[PDB]
Amino acid sequence: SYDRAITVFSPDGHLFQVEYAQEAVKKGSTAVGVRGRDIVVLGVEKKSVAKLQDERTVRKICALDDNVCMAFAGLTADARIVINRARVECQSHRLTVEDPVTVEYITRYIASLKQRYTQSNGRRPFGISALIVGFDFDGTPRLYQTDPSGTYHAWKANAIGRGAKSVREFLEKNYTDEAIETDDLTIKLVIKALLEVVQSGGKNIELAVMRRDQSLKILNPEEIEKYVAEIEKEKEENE
Amino acid sequence: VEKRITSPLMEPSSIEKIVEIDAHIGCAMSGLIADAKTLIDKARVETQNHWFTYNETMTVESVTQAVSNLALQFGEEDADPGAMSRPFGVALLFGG
Amino acid sequence: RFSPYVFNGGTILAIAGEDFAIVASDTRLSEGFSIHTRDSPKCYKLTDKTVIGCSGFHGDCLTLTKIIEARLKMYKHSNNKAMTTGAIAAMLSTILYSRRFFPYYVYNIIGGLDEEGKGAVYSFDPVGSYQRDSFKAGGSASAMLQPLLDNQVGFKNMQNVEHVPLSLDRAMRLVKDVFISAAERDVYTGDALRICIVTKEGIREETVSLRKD
Amino acid sequence: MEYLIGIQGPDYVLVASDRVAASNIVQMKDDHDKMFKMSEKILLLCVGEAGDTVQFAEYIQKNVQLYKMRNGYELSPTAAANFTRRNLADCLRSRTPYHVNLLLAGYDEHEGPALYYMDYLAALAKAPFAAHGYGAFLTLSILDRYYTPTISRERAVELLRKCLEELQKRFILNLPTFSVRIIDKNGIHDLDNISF
Amino acid sequence: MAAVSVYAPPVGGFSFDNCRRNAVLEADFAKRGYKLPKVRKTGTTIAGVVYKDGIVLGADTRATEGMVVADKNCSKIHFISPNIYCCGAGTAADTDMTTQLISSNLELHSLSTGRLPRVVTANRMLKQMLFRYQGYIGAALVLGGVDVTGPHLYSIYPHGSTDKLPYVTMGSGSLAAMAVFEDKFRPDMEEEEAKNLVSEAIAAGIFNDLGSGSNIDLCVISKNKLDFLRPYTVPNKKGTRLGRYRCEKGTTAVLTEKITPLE
Amino acid sequence: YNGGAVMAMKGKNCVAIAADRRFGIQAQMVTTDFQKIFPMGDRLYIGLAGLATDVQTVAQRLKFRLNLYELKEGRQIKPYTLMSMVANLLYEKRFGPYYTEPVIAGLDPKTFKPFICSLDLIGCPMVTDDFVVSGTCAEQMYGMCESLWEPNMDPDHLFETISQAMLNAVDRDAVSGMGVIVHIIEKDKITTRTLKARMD
Amino acid sequence: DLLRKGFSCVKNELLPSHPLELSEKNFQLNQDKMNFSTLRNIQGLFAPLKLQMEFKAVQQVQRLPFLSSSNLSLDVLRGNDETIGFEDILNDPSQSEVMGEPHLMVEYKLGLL
Amino acid sequence: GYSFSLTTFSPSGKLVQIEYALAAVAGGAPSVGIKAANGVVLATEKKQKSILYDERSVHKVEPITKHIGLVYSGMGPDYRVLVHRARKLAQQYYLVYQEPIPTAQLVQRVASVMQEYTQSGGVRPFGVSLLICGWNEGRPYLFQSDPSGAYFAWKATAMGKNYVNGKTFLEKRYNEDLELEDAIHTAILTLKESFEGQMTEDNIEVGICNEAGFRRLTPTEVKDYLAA
Amino acid sequence: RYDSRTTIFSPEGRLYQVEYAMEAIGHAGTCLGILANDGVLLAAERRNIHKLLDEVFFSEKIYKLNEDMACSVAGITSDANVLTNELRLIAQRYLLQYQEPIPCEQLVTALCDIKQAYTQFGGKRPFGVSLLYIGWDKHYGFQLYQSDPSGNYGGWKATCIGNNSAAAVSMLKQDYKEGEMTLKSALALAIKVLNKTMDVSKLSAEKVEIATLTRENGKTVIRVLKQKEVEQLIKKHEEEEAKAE
Amino acid sequence: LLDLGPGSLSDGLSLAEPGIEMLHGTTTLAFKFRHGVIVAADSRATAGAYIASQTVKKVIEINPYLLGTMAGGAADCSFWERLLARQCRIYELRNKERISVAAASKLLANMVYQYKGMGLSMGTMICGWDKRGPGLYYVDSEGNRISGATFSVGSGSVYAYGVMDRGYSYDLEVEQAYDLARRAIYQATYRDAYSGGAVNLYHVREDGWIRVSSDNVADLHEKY
């Protein structure tokens with residue numbers, strides 16, 4: 001009847017440790033994913049810059065296969081475990097049903113793994129939510145969102161972690177046909193959405209994008225810093 | 001069944017409230033759909049196993065009986081492999 | 001050093017008409033050069049509409065017929081209906097294949113009525129490849145029986161002959177005569193002839209005599 | 001059987017395999033790509049008995065890809081060769097290994113080109129050139145004859161053509177086409193099939 | 001990186017796996033090949049007596065790989081316990097490892113007990129091990145020692161059977177050694193007499209057998225003294241070399257030379 | 001099958017370990033640079049001889065154990081202990097034998113006393129004072145070393161003796177040869193030479 | 001019908017590698033049965049029930065399977081604290097020499113997979 | 001609170017169950033170990049006070065191999081189990097490597113075994129701390145094993161009850177220059193500083209370890225030593 | 001909801017057992033590592049200050065995991081021993097597979113997987129040990145890595161774990177020649193850091209365990225600094241702060 | 001009680017002369033011209049020298065997307081394509097899209113790879129019209145899984161190879177391809193002794209196979 005010992009239903013039925021791993025992703029770094037016509041974008045803020053930290057090892061935008069890339073929020077260690085399992089699953093599926101795995105299939109596998117740590121008083125639930133995004137073999141963009149409970153609803157434009165509804169409900173009124181027609185136009189959408197909750201500027205706003213049939217390509221503060229280049233893209237052409 | 005979409009950004013087709021157990025059984029979910037996903041998997045696997053062993057279409061009553069057989073294994077943790085340790089959290093409507 | 005198998009002999013035969021399905025078998029149980037008994041029928045009644053007849057190694061015949069009866073009862077309990085003929089045949093194929101690497105040295109022929117009441121006969125092999133046929137024969141004497149059935153039932157190799165539908169009386173005459181012929185040349189066949197007539201009104205059994213030698 | 005051949009030059013690796021997949025006195029297919037792409041710069045020529053070749057090659061390919069995606073960089077050719085050897089050696093026990101004769105050919109940005117020979121017992125050995133199948137006997141002398149450590153790509157390809165022509169001249173089996181790829185600083189390069 | 005494949009190697013202890021490779025690598029047999037090494041037969045004439053107040057063990061020191069004398073000073077009197085010794089015949093590695101493990105077991109026993117171990121204990125351990133292993137561990141041992149209950153002499157056969165005798169002989173030259181004992185043995189010999197008898201008995205197995213012959217070892221175990229006489233006698237010496245082969249410097253040609261200073 | 005031959009020789013504070021260089025499948029030379037002498041320490045080498053598939057496995061089965069030993073205890077291993085764990089590794093597969101016969105040769109790290117040994121495929125410590133041999137050419141090395149060996153040979157004469165033993169023993173065996181490698185371990189330095197052998 | 005784990009099959013293997021394959025690999029359970037039959041026959045059913053009952057709760061909490069374990073209390077419950085055999089020196093589980101992913105090995109212990 | 005589980009770190013992050021086994025050791029029977037320049041002496045305090053108790057049966061300074069011995073202060077049965085498995089470990093190492101086990105390796109393995117009970121749940125940590133002496137290629141060794149699994153190398157230390165004052169007593173009484181014959185005497189003095197009962201013949205058990213290996217002193221030799 | 005079972009999420013999201021595991025680290029000896037252009041050092045405070053102790057052998061908190069990379073510990077020292085053994089075993093296993101020394105991230109992640117597996121399915125105490133890793137590999141060169149009982153980790157250019165960690169990291173952030181410092185300039189910096197995180201007791205070579213890693217002649221060198229070098233470094237920093245007046 | 005047959009002995013989850021037998025399969029065929037794949041096979045199944053049946057449907061009807069083929073051993077095939085059909089249907093249920101021919105062939109090959117050299121005698125040939133185009137694979141008992149334009153397996157496979165190769169062309173209009181398959185199977189059953197009966201003919205067009213005809217070789221002999 002309490003928070004306690006996952007395998008218990010509340011007298012209403014709110015089996016609580018899942019309700020808390022559900023709320024465990026309210027302290028992770030905000031993650032955003034917007035799916036365009038020919039591009040899928042995946043942006044994560046990093047307001048733990050910790051200047052003397054190697055920006056490469058803390059990176060949160062992981063890749064699951066040639067056609068699937070992943071973001072998350074919450075307990076990083078659980079995320080690493082589930083990402084390792086998902087990568088092994090992608091390769092195993094390509095070994096037996098040889099084809100690039102559908103974004104649907106790997107999303108369902110991750111959700112099933114998350115769910116399988118909800119029975120069996122046993123384990124504790126994974127404390128992360130994932131934004132599975134990628135292109136499928138038939139050539140269409142996808143975007144998915146898992147939860148510690150196991151639900152895997154697929155969206156068109158998402159946000160998890162700190163400031164969840166802030167980003168999402170900003171993004172309610174900004175997803176349109178004239179936001180996915182051209183690629184950099186799609187990019188500027190996610191940038192502005194993250195800037196709504198950003199730690200005041202492009203402080204390690206770890207963006208990675210994916211166009212059709214090529215790769216995951218983490219945009220990085222290049223000699224041009226497309227990060228900043230686009231920050232004052234919007235911050236010039238706002239007026 | 002009502003679907004109760006939360007936000008416009010959500011794909012309606014993603015919300016999976018009516019599934020195809022087989023060509024002649026339909027199912028409706030309500031509750032912790034995380035559990036419905038394993039119950040429906042059990043139902044589909046059982047229907048196909050019955051068709052494989054017995055060259056016939058599995059009757060609806062037997063499908064729901066097998067799915068119930070997946071339930072009622074609430075606590076038997078002496079039986080180690082992969083038990084629920086809890087009742088499911090879903091109510092089902094097998095039509096066929 | 002131990003032959004897990006032995007051939008007990010025995011012949012079976014099935015005919016599928018329009019309203020019936022004859023299943024007949026000799027009742028001589030043999031081993032090597034000895035007659036264990038002369039009154040061991042090799043046709044078993046499964047359901048009011050389906051009759052199986054096994055031949056070959058007798059131990060596996062007993063075990064298989066008991067497994068099959070148990071499986072019909074389990075099906076009746078879980079699904080709340082008696083199995084159809086086709087379902088029983090598919091089950092039997094599955095059961096036989098489960099011992100692919102230690103086969104059931106039995107030849108099985110299912111004779112009975114399908115869902116619509118027309119006759120149907122299913123013929124098997126020691127590891128469960130079944131198929132629907134209008135008639136069949138298996139066991140030691142199958143090689144003697146099958147050509148004659150092809151001639152008289154399937155009208156093979158005859159020209160300008162009216163394809164009369166096979167009547168129950170003519171089916172009984174044919175089965176009795178083919179086993180009279182078979183008892184003459186095959187040493188494993190004789191001493192009696194249990195014939196099961198599977199119709200819509202139940203299963204009635206006729207038994208006649210063969211050469212006793 | 002079938003035929004593999006590999007040549008290592010200054011800064012490249014040339015490999016060639018037949019395209020015939022026979023099942024009996026008949027050949028079932030004549031476009032058999034016997035060449036598995038481990039990574040962007042590694043090629044794994046696999047031959048041997050039917051069934052085991054494809055399964056073992058698929059296993060190793062999936063593992064090299066899995067390592068690449070789990071880490072970000074890629075297995076070096078010597079690493080891939082040693083890992084494959086460890087995998088094949090351990091299966092010389094239960095699942096009656098797999099009689100897969102391998103020929104791993106790859107390039108590293110750091111170590112230069114590499115060619116590894118592997119019998120069905122998992123006996124790894126780096127070599128400047130090698131070959132498998134009964135055809136190896138006929139071609140290895142010709143390889144010994146005109147091979148120098150310093151060979152331009154065109155000289156290497158005409159040497160391979162010499163080997164294949166003589167294999168056509170003598171070898172009793174019918175091997176009409178051979179797929180050829182070269183491996184250098186820029187990925188894997190397909191070359192025009194040598195046909196007769 | 002702890003790769004996901006075998007659940008784990010949670011149980012060591014005698015592989016098998018990797019035996020079908022042995023089964024189908026006829027090579028040595030059919031397909032020419034035949035490098036395919038085979039094992040050993042060390043322990044070729046070992047003998048023991050029970051003199052008045054102790055045990056005298058003996059053994060030759062030749063170890064033959066195939067039909068080539070591999071070792072010329074292979075010790076075959078193994079140490080079991082400060083008062084128990086054991087000669088070893090049969091396959092070499094099996095005898096070695098078996099005696100070492102039994103010594104460890106036995107002196108753990110004597111350590112926890114706090115008194116001198118009895119011979120019968122070692123006899124039981126060896127018997128039960130060999131019987132457990134169904135005789136595939138071919139290891140013929142002559143067990144000898146002196147506990148509080150007087151001298152004891154056992155002869156353990158590979159299959160598990162053990163025989164307690166006043167005198168035993170084992171090895172390829174066992175029969176030739178048994179001849180001396182059956183003709184010269186008396187109960188209640190003195191130390192020097194028993195040593196001479198065993199020396200002759202092993203000497204019989206040296207000159208009159210092919211699988212044996214080298215220096216002679218003895219182990220005189222008494223109630224209070226333990227002399228591990230090694231080597232007790234040098235009957236055979238290398239024939240003096242007449243030529244002066246004496247490879248000179250620069251005689252061999254060297255293509256490449258690499259030098260590495262270590263310290 | 002694959003072939004192979006290795007020896008060791010003791011001397012005046014110096015040992016010599018040698019090996020052929022043929023890696024061939026049963027008739028067919030494939031490479032002439034197959035490694036059979038593996039460094040297991042500053043002055044401690046092991047030479048394997050047998051199946052190439054098991055030379056490559058035992059030498060890596062044993063490097064794993066050796067590295068763990070060294071890290072756990074923090075000292076370079078004495079040759080005798082290395083000898084004793086090869087017996088364990090080999091005897092582990094008593095009924096599944098690793099078809100190889102290692103020879104271990106080196107110097108004691110703190111005493112610089114020569115040490116050599118030889119093991120059969122199931123593991124039987126055989127410490128000798130003059131030399132050990134292994135491989136297909138089993139008789140030929142025995143015959144050569146029993147004649148050329150001398151005690152208390154200075155390193156250059158040791159190198160001459162082991163070089164002649166190799167060169168004249170592998171030349172009389174079809175499935176071993178294609179050059180000879182020789183390592184002379186001293187209290188100060190390691191010399192690795194490749195000798196001139198018939199390449200037929 | 002899968003892999004990425006060595007295609008767990010061994011169906012070709014089936015027959016033991018030796019009359020000394022299964023027996024020597026599982027002589028621990030064989031000796032357990034020997035002693036239990038010795039105790040069921042002469043001492044009672046209570047003694048085998050005690051041994052099962054205890055051996056259950058000496059293994060439940062030692063360490064997670066992906067790490068090495070000593071299993072102390074089990075050894076001095078059977079006579080193994082002063083009897084040491086070939087299963088202790090050959091390929092000790094401390095240097096298991098083959099491991100998988102920790103999680104994936106600690107779940108099957110209970111039997112999730 | 002929080003002092004119940006052995007698997008529950010305190011909010012202060014300190015393991016209270018192992019915190020308690022230390023108190024059990026500190027409530028045990030005193031023991032002293034000294035490293036002399038050529039050997040090690042272990043001396044311990046006997047609770048077999050009543051005349052009915054025997055010395056011919058149970059011993060505390062109890063050997064592991066030809067050159068390693070232990071002494072404890074804590075719960076006797078837990079000792080006996082620990083010494084049994086230390087003997088296992090030494091013999092395992094001796095079979096694997098034909099070499100007497102180094103003292104440090106035996107200490108590390110025994111400490112790992114002891115820790116393996118500190119983090120398991122449903123068991124308890126050993127209620128003993130071990131003092132281990134050894135002799136390996138010409139230098140003495142002395143180690144103390146904490147119930148948490150920690151192990152330390154001491155030139156000289158005291159343990160069991162009233163150990164802090166025995167630790168301080170050894171301070172201005174120990175140095176490089178002392179050697180085994182004098183080490184015995186100073187260890188005896190360290191014991192009687194807190195013996196509480198004015199020792200006689202077998203109120204104590206003493207062991208030594210020079211290259212002649214570990215050896216337990218017979219009561220006559222201790223009697224010789226108590227004469228001065 | 002509370003501090004139990006190491007597998008319960010409090011009603012506020014925080015794994016209280018792990019938060020308590022990262023509390024024992026705040027009591028162990030201060031340990032810091034600094035990354036330099038030409039090498040890596042790993043200094044540590046050896047809090048076994050008692051004088052009767054012996055066996056100064058190579059380490060009390062500075063272990064070596066393979067031919068290339070070394071480790072440091074902080075926290076419950078027995079669990080640290082277990083973890084170091086597991087690290088050595090994993091490194092040897094990777095070397096056995098691919099016949100190359102393990103890249104540092106490979107081993108760090110392999111260990112963090114176990115350490116997280118203990119903060120999940122279980123019922124057992126999570127490993128209360130926070131580590132530091134120094135090593136080399138051909139993929140990225142010199143690397144430094146941290147770990148918490150939580151299983152988290154991260155590559156750091158210069159960090160510190162243990163007692164007085166906050167002040168040390170603050171001084172390191174404000175004090176670091178990031179990307180353009182040589183080795184023993186970083187050694188002087190490390191001495192300054194430890195001089196910041198003293199107890200009352202002024203430090204001396206009897207209270208410090210500096211160790212260094214170096215890229216030389218194709219072989220990796222981990223030589224723990226001896227007495228004389230450390231005392232000389234101490235006098236150097238002492239004069240430098242003296243004239244800093 | 002000794003063993004006392006417990007109950008239904010062992011039969012649970014079977015899904016993954018003296019008894020030694022399983023009938024036979026023979027002379028199948030398929031090629032992949034521009035208008036889709038067509039599959040042809042005879043209808044005969046022998047047992048030693050004795051025909052057990054003349055009406056054996058050798059073209060397994062896996063699902064209305066995809067066909068199989070029996071050859072080498074009748075029961076082994078029938079069972080393994082039946083289980084493959086089960087797996088294909090489960091996949092189509094879960095992922096809501098028909099499984100591609102490449103995937104199904106790999107499923108069957110992996111399923112049959114286990115039991116390697118344990119006695120299976122499968123000679124299957126998967127056919128279908130997947131998302132990528134026509135599909136055609138030769139999955140057999142020893143693990144071969146090869147695509148290709150044309151195939152034929154069975155005791156009389158070689159004769160079919162002959163006639164089919166000299167008749168084949170990728171730009172072959174439909175009704176001529178029908179006649180080509182008829183002729184190839186008829187010649188194969190003319191020479192071979194183990195092949196006979198009726199020449200079944202399937203066309204794998206766009207979505208959905210269809211059945212072309214089932215002519216008897218006795219009538220074809222008169223036809224030619």
# chains A, B, ... in the order shown; residues from 1 in each chain; ligands from 1
call {"tool": "residues_around", "arguments": {"residues": "residue A:18", "least_positions_apart": "3", "cutoff": "10 Å", "atoms": "only C-alpha atoms", "output": "ChimeraX atom specification"}}
result
/A:3,6-7,14-15,21-24,115,117-118,124-127,147-150 /I:9
call {"tool": "residues_around", "arguments": {"residues": "residue F:7", "least_positions_apart": "5", "cutoff": "10 Å", "atoms": "only C-alpha atoms", "output": "PyMOL selection string"}}
result
chain F and resi 16-20+47-49+102-105+116-118+131-135+138+141-142+145+162+165-166+182
call {"tool": "residues_around", "arguments": {"residues": "residue J:201", "least_positions_apart": "3", "cutoff": "7 Å", "atoms": "only C-alpha atoms", "output": "list in words"}}
result
residues 39, 40, 41, 211, 212, 213 and 214 of chain J
call {"tool": "write_last_selection", "arguments": {"atoms": "C-alpha atoms", "output": "mmCIF file, in the first residue's frame"}}
result
data_model
loop_
_atom_site.group_PDB
_atom_site.id
_atom_site.type_symbol
_atom_site.label_atom_id
_atom_site.label_comp_id
_atom_site.auth_asym_id
_atom_site.auth_seq_id
_atom_site.Cartn_x
_atom_site.Cartn_y
_atom_site.Cartn_z
ATOM 1 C CA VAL J 39 7.490 -23.110 -59.013
ATOM 2 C CA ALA J 40 7.109 -26.550 -60.524
ATOM 3 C CA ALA J 41 7.387 -30.017 -59.057
ATOM 4 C CA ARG J 211 -1.983 -22.209 -58.950
ATOM 5 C CA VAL J 212 -1.589 -22.612 -62.688
ATOM 6 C CA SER J 213 -2.408 -26.236 -63.450
ATOM 7 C CA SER J 214 -1.819 -29.832 -62.387
#
call {"tool": "residues_around", "arguments": {"residues": "residue H:85", "least_positions_apart": "3", "cutoff": "10 Å", "atoms": "only C-alpha atoms", "output": "list in words"}}
result
residues 70, 72, 75, 76, 81 and 82 of chain G; 64, 79, 80, 81, 82, 88, 89, 90, 91, 109, 110 and 113 of chain H
call {"tool": "closest_atom_pairs", "arguments": {"of": "chain B", "to": "chain C", "cutoff": "6 Å", "atoms": "only C-alpha atoms", "output": "tab-separated table"}}
result
residue	atom	partner	partner_atom	distance
B:53	CA	C:91	CA	5.6
B:54	CA	C:87	CA	4.8
B:55	CA	C:87	CA	5.4
B:62	CA	C:79	CA	5.5
call {"tool": "write_last_selection", "arguments": {"atoms": "C-alpha atoms", "output": "JSON list (two decimals), in the first residue's frame"}}
result
[["chain", "number", "residue", "atom", "x", "y", "z"],
["B", 53, "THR", "CA", -0.06, -28.81, -33.92],
["B", 54, "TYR", "CA", -3.73, -29.04, -34.88],
["B", 55, "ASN", "CA", -4.46, -28.03, -38.46],
["B", 62, "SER", "CA", -9.62, -21.75, -25.64]]
call {"tool": "interface_residues", "arguments": {"of": "chain D", "to": "chain G", "cutoff": "8 Å", "atoms": "only C-alpha atoms", "output": "PyMOL selection string"}}
result
chain D and resi 59+62-63+94-96
call {"tool": "residues_around", "arguments": {"residues": "stretch 220-225 of chain I", "least_positions_apart": "3", "cutoff": "10 Å", "atoms": "only C-alpha atoms", "output": "compact mmCIF listing (two decimals) with C-alpha atoms, in the first residue's frame"}}
result
# COMPACT_ATOMS: atom_id res chain seq x y z
CA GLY I 39 52.62 11.89 -19.21
CA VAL I 40 50.16 11.17 -16.43
CA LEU I 41 50.68 11.21 -12.67
CA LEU I 42 48.47 9.74 -9.95
CA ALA I 43 49.17 11.05 -6.45
CA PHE I 57 56.12 -2.31 -1.45
CA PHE I 58 55.20 -0.29 -4.53
CA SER I 59 51.76 0.53 -3.22
CA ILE I 62 48.42 2.57 -6.32
CA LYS I 64 48.99 -1.71 -11.60
CA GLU I 67 51.38 -3.43 -18.97
CA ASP I 68 49.88 -0.05 -19.83
CA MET I 69 47.44 1.34 -17.28
CA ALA I 70 47.42 1.69 -13.49
CA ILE I 134 45.66 6.32 -15.58
CA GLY I 135 46.79 4.68 -18.79
CA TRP I 136 47.73 4.93 -22.42
CA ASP I 137 46.33 3.57 -25.66
CA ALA I 205 57.38 11.62 1.81
CA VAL I 208 52.47 10.77 -0.02
CA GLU I 209 52.31 8.10 -2.75
CA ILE I 210 52.94 9.89 -6.06
CA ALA I 211 53.21 7.61 -9.09
CA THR I 212 53.80 8.55 -12.72
CA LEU I 213 53.19 7.12 -16.20
CA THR I 214 55.37 7.85 -19.21
CA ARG I 215 55.43 7.28 -22.97
CA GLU I 216 59.00 6.26 -23.80
CA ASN I 217 60.77 4.31 -26.53
CA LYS I 228 64.57 11.19 -2.55
CA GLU I 229 62.65 12.50 -5.56
CA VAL I 230 59.58 13.13 -3.44
call {"tool": "residues_around", "arguments": {"residues": "stretch 130-136 of chain E", "least_positions_apart": "6", "cutoff": "12 Å", "atoms": "only C-alpha atoms", "output": "number ranges by chain"}}
result
E: 14, 90-91, 94-95, 98-99, 102, 123-124, 156-162; F: 94-95; G: 18-21, 23-25, 27, 30-31, 85-86
call {"tool": "residues_around", "arguments": {"residues": "residue F:122", "least_positions_apart": "3", "cutoff": "8 Å", "atoms": "only C-alpha atoms", "output": "JSON, numbers by chain"}}
result
{"E": [39, 93], "F": [87, 90, 91, 93, 94, 97, 98, 119]}
call {"tool": "write_last_selection", "arguments": {"atoms": "N, CA, C and O atoms", "output": "PDB file, in the first residue's frame"}}
result
ATOM      1  N   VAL E  39      52.536 -39.668 -25.136  1.00  0.00           N
ATOM      2  CA  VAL E  39      52.746 -39.122 -23.796  1.00  0.00           C
ATOM      3  C   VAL E  39      54.072 -39.483 -23.123  1.00  0.00           C
ATOM      4  O   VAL E  39      55.008 -38.677 -23.142  1.00  0.00           O
ATOM      5  N   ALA E  93      53.029 -38.453 -16.239  1.00  0.00           N
ATOM      6  CA  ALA E  93      52.317 -37.303 -15.708  1.00  0.00           C
ATOM      7  C   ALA E  93      51.246 -37.728 -14.721  1.00  0.00           C
ATOM      8  O   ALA E  93      51.024 -37.058 -13.705  1.00  0.00           O
TER       9      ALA E  93
ATOM     10  N   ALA F  87      52.888 -27.330 -16.533  1.00  0.00           N
ATOM     11  CA  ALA F  87      52.349 -28.641 -16.207  1.00  0.00           C
ATOM     12  C   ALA F  87      50.880 -28.548 -15.835  1.00  0.00           C
ATOM     13  O   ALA F  87      50.066 -29.355 -16.295  1.00  0.00           O
ATOM     14  N   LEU F  90      48.772 -27.763 -18.994  1.00  0.00           N
ATOM     15  CA  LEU F  90      48.676 -28.921 -19.870  1.00  0.00           C
ATOM     16  C   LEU F  90      47.881 -30.045 -19.226  1.00  0.00           C
ATOM     17  O   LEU F  90      47.004 -30.632 -19.866  1.00  0.00           O
ATOM     18  N   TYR F  91      48.159 -30.355 -17.961  1.00  0.00           N
ATOM     19  CA  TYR F  91      47.445 -31.434 -17.292  1.00  0.00           C
ATOM     20  C   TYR F  91      45.980 -31.125 -17.066  1.00  0.00           C
ATOM     21  O   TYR F  91      45.206 -32.048 -16.804  1.00  0.00           O
ATOM     22  N   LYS F  93      43.942 -30.291 -19.373  1.00  0.00           N
ATOM     23  CA  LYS F  93      43.311 -31.004 -20.478  1.00  0.00           C
ATOM     24  C   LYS F  93      43.890 -32.410 -20.594  1.00  0.00           C
ATOM     25  O   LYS F  93      44.320 -32.833 -21.660  1.00  0.00           O
ATOM     26  N   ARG F  94      43.896 -33.145 -19.480  1.00  0.00           N
ATOM     27  CA  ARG F  94      44.561 -34.446 -19.478  1.00  0.00           C
ATOM     28  C   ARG F  94      43.938 -35.382 -20.495  1.00  0.00           C
ATOM     29  O   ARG F  94      44.647 -36.088 -21.219  1.00  0.00           O
ATOM     30  N   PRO F  97      44.153 -33.479 -24.597  1.00  0.00           N
ATOM     31  CA  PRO F  97      45.500 -32.898 -24.545  1.00  0.00           C
ATOM     32  C   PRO F  97      45.743 -31.831 -25.599  1.00  0.00           C
ATOM     33  O   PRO F  97      45.273 -31.929 -26.732  1.00  0.00           O
ATOM     34  N   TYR F  98      46.474 -30.797 -25.203  1.00  0.00           N
ATOM     35  CA  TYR F  98      46.997 -29.815 -26.140  1.00  0.00           C
ATOM     36  C   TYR F  98      48.199 -30.426 -26.841  1.00  0.00           C
ATOM     37  O   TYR F  98      49.229 -30.661 -26.207  1.00  0.00           O
ATOM     38  N   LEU F 119      58.576 -30.786 -21.432  1.00  0.00           N
ATOM     39  CA  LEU F 119      57.314 -31.346 -20.982  1.00  0.00           C
ATOM     40  C   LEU F 119      56.660 -32.110 -22.119  1.00  0.00           C
ATOM     41  O   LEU F 119      56.720 -31.685 -23.276  1.00  0.00           O
TER      42      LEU F 119
END
call {"tool": "interface_residues", "arguments": {"of": "chain I", "to": "chain D", "cutoff": "9 Å", "atoms": "only C-alpha atoms", "output": "count of residues only"}}
result
8
call {"tool": "closest_atom_pairs", "arguments": {"of": "chain F", "to": "chain G", "cutoff": "9 Å", "atoms": "only C-alpha atoms", "output": "Markdown table"}}
result
| residue | atom | partner | partner_atom | distance |
| --- | --- | --- | --- | --- |
| F:61 | CA | G:97 | CA | 9.0 |
| F:64 | CA | G:97 | CA | 8.5 |
| F:65 | CA | G:95 | CA | 8.2 |
| F:68 | CA | G:95 | CA | 8.8 |
| F:88 | CA | G:90 | CA | 6.8 |
| F:89 | CA | G:90 | CA | 7.5 |
| F:91 | CA | G:90 | CA | 7.9 |
| F:92 | CA | G:90 | CA | 5.2 |
| F:93 | CA | G:90 | CA | 8.7 |
| F:95 | CA | G:18 | CA | 8.6 |
